[PDB]
Protein chains: 2
Amino acid sequence: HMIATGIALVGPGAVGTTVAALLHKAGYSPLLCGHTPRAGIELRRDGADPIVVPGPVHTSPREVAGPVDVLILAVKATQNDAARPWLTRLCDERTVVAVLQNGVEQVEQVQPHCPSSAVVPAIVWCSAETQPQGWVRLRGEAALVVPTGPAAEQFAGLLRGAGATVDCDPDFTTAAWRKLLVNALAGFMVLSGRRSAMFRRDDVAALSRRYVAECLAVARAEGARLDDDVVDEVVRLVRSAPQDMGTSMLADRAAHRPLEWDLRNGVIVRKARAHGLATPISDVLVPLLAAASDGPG
Amino acid sequence: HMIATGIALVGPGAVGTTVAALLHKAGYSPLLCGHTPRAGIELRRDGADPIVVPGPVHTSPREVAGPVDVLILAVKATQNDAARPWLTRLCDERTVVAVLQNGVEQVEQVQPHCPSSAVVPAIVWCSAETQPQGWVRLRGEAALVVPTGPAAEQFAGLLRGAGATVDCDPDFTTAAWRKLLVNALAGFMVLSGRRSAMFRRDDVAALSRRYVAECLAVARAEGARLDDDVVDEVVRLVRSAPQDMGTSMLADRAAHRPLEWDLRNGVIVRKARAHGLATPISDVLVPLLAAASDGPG
Ligand SMILES: NC(=O)c1ccc[n+]([C@@H]2O[C@H](COP(=O)([O-])OP(=O)(O)OC[C@H]3O[C@@H](n4cnc5c(N)ncnc54)[C@H](OP(=O)(O)O)[C@@H]3O)[C@@H](O)[C@H]2O)c1
Ligand SMILES: NC(=O)c1ccc[n+]([C@@H]2O[C@H](COP(=O)([O-])OP(=O)(O)OC[C@H]3O[C@@H](n4cnc5c(N)ncnc54)[C@H](OP(=O)(O)O)[C@@H]3O)[C@@H](O)[C@H]2O)c1
Ligand SMILES: [Cl-]
Ligand SMILES: [Cl-]
């Protein structure tokens with residue numbers, strides 16, 4: 001195991017396929033660990049040739065053998081509990097576990113499933129969406145942000161070696177909250193059932209700036225070092241996206257799947273409470289998102 | 001025209017079919033005036049035999065001849081402008097025009113389309129929903145509230161004579177706002193994409209009471225005579241509905257049709273402004289509803 005790097009991908013979805021495709025094109029053979037059987041997985045980046053990554057997608061932990069050197073976790077955070085048996089099977093104390101999930105709670109959520117492994121949280125900036133036809137559409141290059149330190153630097157080496165854009169940030173808390181401001185705001189799309197062009201409306205954009213400011217106060221109390229300019233920057237960013245760009249949580253709502261509402265929006269309320277911060281806009285959005293996700297009704 | 005009463009139904013949808021069916025069963029032959037051609041329309045009240053009302057549904061004003069004695073308008077308020085040529089064709093100064101729409105702006109919206117006719121606003125309490133199979137499902141009896149005065153009493157006579165439950169209320173402003181508190185709250189269902197059982201959640205119910213109180217302040221400034229008890233009563237009412245009961249605005253959202261968002265929710269903001277009343281919860285809900293309805297995205 002000194003030369004060949006054993007890599008497992010747990011969660012071969014939009015983000016997982018994006019990463020598996022880069023690894024495959026670089027010549028690695030990641031072990032695909034999923035929920036829905038398939039012979040392989042396919043990534044189509046706009047403007048590029050398709051990349052097909054051979055499987056099979058394994059759907060029982062009994063079918064695979066560990067330990068592996070690197071485990072890339074790309075399930076939704078709603079699926080972390082169900083993914084646990086993959087981590088038990090595949091991780092030991094030398095495994096590096098990369099958690100490619102939104103929010104700011106990656107290590108806290110996943111570390112207990114691999115208690116002796118180094119966990120590398122990874123902020124992913126990309127637009128990836130599974131199509132009805134079975135392949136994943138990637139619009140633009142993906143970029144990842146990880147911390148500094150040995151495990152994170154090893155993981156960044158692996159991805160950079162395969163052609164990925166990765167930043168090792170000595171202030172990961174700030175990087176994670178920066179992405180969370182964007183993802184939290186994108187929750188509006190789930191309630192309206194509209195793509196990014198909804199933010200081009202004056203009324204929505206005004207509301208959006210107030211919400212991002214409310215989220216920003218919480219981010220700062222939690223240690224994020226962000227300028228006041230970020231409020232309007234977030235709103236300009238979503239307005240500048242292609243008019244039909246959605247978000248993964250809207251795709252889940254349209255497929256009637258559980259949402260990462262607590263990871264992306266509930267977290268604002270939960271973290272606000274120790275600091276005694278008010279979140280009046282979140283107090284409206286969060287119950288509607290949680291109901292949308294979990295019912296009843 | 002002293003004995004036979006000429007009746008036209010403009011808008012043969014969920015509510016329109018509900019009313020047409022009662023009239024038909026009483027022996028009237030209402031002229032059906034619609035948008036989508038059909039040979040007739042069908043009402044199925046739960047627990048009762050189906051009632052089929054013969055058409056055809058006329059879809060051009062050129063195909064019909066007025067004036068009529070009673071015109072029953074049951075289009076959505078989003079369709080009032082498109083329905084105008086029916087009113088021009090069918091109404092004269094002796095026509096009674098009944099407006100079976102939600103909100104509190106019936107006379108203001110419709111009177112200019114029939115400037116010399118008496119307009120009777122009608123608050124409808126019912127649960128009617130067009131099914132994929134083409135017939136309308138009615139769950140429970142329908143009840144209507146109209147004002148007092150000659151035109152309203154003539155209209156109530158006609159419906160009561162046909163077996164309908166109708167109240168002639170000397171304080172119609174209060175009756176209209178009472179229904180609007182319910183309908184405004186039901187907007188939550190459109191954002192969450194869930195039926196009435198969503199209100200059984202603690203978080204939603206807490207938010208709901210705050211929203212109904214915000215709406216109540218506006219209703220009172222506009223002349224509604226409602227007790228403080230109404231806030232919790234509205235929330236108990238939606239919780240007590242069958243778990244799968246929706247609202248017409250959710251059905252429109254699911255069919256990708258324009259919503260009555262301004263009639264049911266935008267009105268709270270618009271009326272609050274002359275009284276200098278704050279509407280912070282509406283300031284969140286309304287832009288999301290308007291975007292859901294009208295895009296872009
Ligand atoms: N999509 C984006 O553009 C994007 C961008 C940045 C960050 N993110 C974040 O990245 C994370 C992953 O998002 P995604 O969009 O890739 O989600 P996704 O497309 O829904 O992918 C999740 C994958 O995990 C599989 N899965 C479910 N349960 C599993 C289990 N017990 N074991 C193994 N695999 C399982 C799913 O299969 P089934 O669907 O068959 O259950 C699916 O293939 C989320 O935290 C998201 O917020 C997404
Ligand atoms: N459904 C309920 O349980 C309920 C209860 C109380 C109050 N209300 C209120 O009652 C009103 C009517 O609601 P609804 O649920 O009956 O709506 P609906 O089922 O959508 O009915 C509207 C009808 O008008 C037709 N139409 C559209 N444009 C037209 C035009 N230019 N001329 C003539 N007809 C036209 C529609 O046809 P297409 O669909 O083919 O366009 C449809 O048959 C609304 O204000 C609503 O808020 C509804
Ligand atoms: Cl490197
Ligand atoms: Cl009577």
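Letters A, B, ... mirror the listed sequences (proteins, then strands); counts begin at 1. All ligand and atom numbering here is 1-based and tracks the order in the structure. Hydrogens, waters and symmetry mates play no part in the numbers below; they use all other heavy atoms, side chains included.
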Participant: So, A/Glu129 side chain and A/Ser127 main chain: donor-acceptor pair closer than 3.5 Å or not?
Facilitator: no
Participant: For ligand 2, what are the residues with a heavy-atom contact below 4.0 Å?
Facilitator: B/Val10, B/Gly11, B/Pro12, B/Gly13, B/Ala14, B/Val15, B/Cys33, B/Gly34, B/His35, B/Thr36, B/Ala74, B/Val75, B/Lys76, B/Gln79, B/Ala82, B/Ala83, B/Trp86, B/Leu100, B/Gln101, B/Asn102, B/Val124, B/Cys126, B/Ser127, B/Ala128, B/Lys179, B/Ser248, B/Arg257, B/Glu260
Participant: Please report the closest heavy-atom contact between B/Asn183 and B/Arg264, naming both atoms and the distance.
Facilitator: O-NH2, 2.9 Å
Participant: Using a 6.0 Å cut-off, check whether atom CG of A/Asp167 has over 12 heavy atoms from anything other than its own residue.
Facilitator: yes
Participant: For the pair A/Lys179 (side chain) and A/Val124 (backbone), establish whether a donor and an acceptor sit closer than 3.5 Å, ignoring hydrogens and angles.
Facilitator: yes
Participant: Starting from the C-alpha separation in whole Å, work towards a yes-or-no answer on side chain to side chain contact (heavy atoms under 4.5 Å, CB included) for B/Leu31 and B/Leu90.
Facilitator: CA-CA 11 Å; B/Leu31 183 81; B/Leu90 295 169; 4.2 Å; yes
Participant: Taking salt bridge (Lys or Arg N to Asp or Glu O under 4.0 Å) as the definition, give me every residue that meets it alongside A/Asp244, ordered by chain and number, with sequence neighbours left out.
Facilitator: A/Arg139
